[PDB]
């Protein structure tokens, strides 16, 4: 939960440097497309984006290439991307596809709370 981790860091709201986005379900294409557009369209971008993968039951090559394109459009704007919540099958697929390599193994988290904690800590050390 966002509430608990924010409070452990003396916060009530998400800091400006941090954004969170959840992949809709297995067919996150429409929603991913729009968010990519928003990210490329807004004046100011966050330092860190957490992509929540909890609601993704599986991924085929269409999801993989979509997510790959999505992360690259974030990186090119200086956004560090963290991944959280992939089930055990999607976790395997992300390694297999080179997505873990793409974000960095140290940026993939089994659970959202781990990613949020690490994001808040990185932001504070600054």
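Positions refer to the first chain, counted from 1.
J.: So which stretch wins on mean C-alpha B-factor, 54-62 or 28-36?
T.: Higher mean C-alpha B-factor in the PDB entry: 28-36.
J.: May I ask you to compare 113-121 and 19-27 by their mean CA B factor in the entry and name the higher one?
T.: Averaged over C-alpha atoms, the B-factors run higher in 19-27.
J.: Pull the Cα B-factor of residue 42 out of the PDB entry and bin it into the chain's lowest, middle or highest third.
T.: Residue 42: CA B-factor falls in the highest third of its chain.
J.: Looking at the C-alpha B-factor of residue 49, is it in the lowest, middle or highest third of its chain?
T.: According to the entry, residue 49 has a C-alpha B-factor in the chain's lowest third.
J.: Name the third of the chain's ranked CA B-factors that contains residue 70, choosing lowest, middle or highest.
T.: It belongs to the highest third of the chain when residues are ordered by C-alpha B-factor.
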